[PDB]
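Colleague:
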Amino acid sequence: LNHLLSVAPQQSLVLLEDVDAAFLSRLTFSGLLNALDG
Amino acid sequence: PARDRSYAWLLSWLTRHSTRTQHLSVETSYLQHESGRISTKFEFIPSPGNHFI
């Protein structure tokens with residue numbers, strides 16, 4: 266997830282739906313938010 | 054010569070120093086970025102012939 270979010274194309278939006286599923290629970309809850317702050 | 058990179062630099066310097074050049078050519082920078090984003094800009098360059106500065 267961190268690699269995909271870091272290599273996103275320029276001038277492009279990123280959409281992550283169903284964010285509740287990963288947070289409720306490969307799968308991680310704090311890993312995604314840690315990767316976001318990277 | 055046109056092969057050397059100083060050609061474009063000298064032409065840009067000329068088109069800046071001599072703002073009122075009656076004879077000139079046009080160079081268009083066109084780039085279509087991904088997601089269909091088009092960037093255009095007109096750079097004006099001295100025309101072939103004789104010019105005095």
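Protein chains in written order, with the deposited numbering: chain B, 266 to 290, 306 to 318; chain A, 54 to 106.
C-beta: ideal position from N, C-alpha, C; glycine also.
So, does the CB of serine 92(A) fall closer than 8 Å to a CB anywhere in chain B?
Modeller: Looking up residue 92(A) in the second sequence gives position 39. Chain B, which has no Cβ nearer than 8 Å to the Cβ of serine 92(A), makes this no.
Colleague: For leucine 77(A) versus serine 100(A), is the C-beta spacing smaller than 8 Å?
Modeller: Mapped onto the second sequence, residue 77(A) falls at position 24. Mapped onto the second sequence, residue 100(A) falls at position 47. Yes, these two residues count as a Cβ contact at 8 Å.
Colleague: Closer than 7 Å, Cβ to any Cβ of chain B: which residues of the region 69–98 of chain A, in chain order?
Modeller: The residues in question are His86, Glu87, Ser88, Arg90.
Colleague: If you draw a straight line from the alpha carbon of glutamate 282(B) to that of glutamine 276(B), how long is it in whole angstroms?
Modeller: Working through the first sequence from its first residue, we reach residue 282(B) at position 17. Working through the first sequence from its first residue, we reach residue 276(B) at position 11. So the alpha carbons of these two residues sit roughly 20 Å apart.
Colleague: Could you check what DSSP says for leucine 312(B) in three-state terms: helix, strand or coil?
Modeller: The sequence position of residue 312(B) within the first sequence is 32, counting from 1. Reduced to three states, the DSSP call for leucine 312(B) is helix.
Colleague: DSSP on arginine 69(A), reduced to helix/strand/coil?
Modeller: Position 16 of the second sequence, counting from 1, holds the residue named residue 69(A). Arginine 69(A) falls in the helix class under three-state DSSP.
Colleague: If you run the structure through DSSP and keep just helix, strand and coil, what is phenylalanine 288(B)?
Modeller: For the purposes of this step, residue 288(B) is taken as residue 23 along the first sequence, with counting starting at 1. The answer is helix: DSSP assigns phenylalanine 288(B) an H, G or I state.
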